[PDB]
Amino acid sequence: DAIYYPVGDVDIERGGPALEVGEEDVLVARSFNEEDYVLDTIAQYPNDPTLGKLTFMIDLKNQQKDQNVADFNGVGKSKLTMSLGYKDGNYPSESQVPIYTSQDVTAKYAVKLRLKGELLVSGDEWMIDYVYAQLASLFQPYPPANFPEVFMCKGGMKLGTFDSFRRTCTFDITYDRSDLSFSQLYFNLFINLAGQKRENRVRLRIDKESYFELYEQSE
């Protein structure tokens, strides 16, 4: 009966080729890091103590903003948000938050990013059921392979390397493509853990090499 949105070993990349940034292109957003940081948050469902499943997503952020661009939601520390419930993998509307918001339909965009780090569950009573990174003009479109709105989707062993028990996933992915159109741009991790308990202490290390850049392309 559950609304359940798994993505396995998927590797989707869309867009024009890597932008060779020229004099007329404009950097409209850039975030980066000077050191590693770790998100460390207990995952659990309020109001439902049913054991065995934790579905959550990560708003992906970097701590430094390029001082020549406007503030944007991709600046800060990454954070974890539970799905609507144990049997509902959707997210509340108020949590469906874009990294960047466009104000001009005619704009064409290019993105350069690196996402490097590690997801770790705590202890030995949980495993990673699925995990994927997604850049898209929609929030959690499903199945993502069916949407041209999905620009980058990297899941499972296409996202990173797991330990023997799938307690950890260590990743280092890049994306560099152009000619993108959107109203709103989303950059997230979508995760589900399966296990024997009601909660887990979840850690996500974002390595200092992680960064995000957005260009408006010269027409």
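Quick note: we count residues from 1 along the sequence shown, nothing fancier.
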| item | value |
| --- | --- |
| Between the two ranges 81-89 and 116-124, the one averaging a larger CA B factor in the entry | 116-124 |
| Stretch exceeding the other in mean C-alpha B-factor - 17-25, 191-199 | 17-25 |
| Among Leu138, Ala133, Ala145, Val97 - the residue whose C-alpha B-factor is largest in the record | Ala145 |
| Third of the chain, ranked by Cα B-factor, where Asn33 sits | lowest |
| Within-chain third of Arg166 by Cα B-factor, per the entry | highest |
| Lowest, middle or highest third - CA B-factor, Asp9 | highest |
| Position of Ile42 among the chain's modelled residues by C-alpha B-factor, lowest, middle or highest third | highest |
| Chain-relative CA temperature factor third for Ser183 | lowest |
